[PDB]
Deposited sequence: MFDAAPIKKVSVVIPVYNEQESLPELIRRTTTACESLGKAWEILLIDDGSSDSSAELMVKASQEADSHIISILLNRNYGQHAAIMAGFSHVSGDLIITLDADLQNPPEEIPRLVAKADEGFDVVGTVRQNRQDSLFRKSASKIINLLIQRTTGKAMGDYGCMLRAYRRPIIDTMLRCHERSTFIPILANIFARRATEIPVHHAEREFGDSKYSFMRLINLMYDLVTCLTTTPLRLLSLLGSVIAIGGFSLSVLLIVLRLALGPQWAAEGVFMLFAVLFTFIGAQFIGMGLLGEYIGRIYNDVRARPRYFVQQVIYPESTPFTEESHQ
């Protein structure tokens, strides 16, 4: 059971897209007109160096237009532009769309219908996605990680053609997390989420940076793993210490030498102590990071009090 959707706000972050902006505006206008609802398109200029801002202003200033141009003084990123657009939306359902026509605007009605069934978040999965197998492995491993963390299974993450209900946008704006990935945050705050299949027209350090960013946004489990591996390495260090100095010194004084072995067996327990301390610091940092975000402890779905 969900409130009926009366207005759709399309948020499009624009950055140096002067050659695609007219076609995007025309296609998005046609798609939104083919809805039978109040609609508006929020174009956000992320400090474009080209004539994108002039085209946005001309589109906004046209006769009987539904386009809102939000100009940022400089470049801030897709996330900051999308949140700036979220801060100015007025519709019941907010659709995030690519500005480079990778995701066709004609898929917009299909999302809206799916949002009418009572889904807070309606993601899209791109069919027949052709790319390197390494990115495919990354896609499946991040899918499994998000499924185990947030519960709601999310497939394609690079496609930001998504639908959110207004309460989800309001919660995300009022949330204590700032740099977190918006689809992940929506899945975290979603009551009911789903996905639909869509058809898409078209380094290595960046991939590792994205992996670290997503793992840190989702869970603190890696901190617990660090603590556990630190405990294990510390136990190994104490075992090597007792084995090397205490036993082999009693067995062979000359064999275990005078210089190198014994006091560095003593060194090995100090590295174990350092690992245990770092694990305790990690535990406390994880608790702090969980508490500051103040994500909901649970969502009750239905309570069935008897007669």
Counting from 1 along the deposited sequence, the ranges with no C-alpha atoms are 1-2, 205-212, 318-327
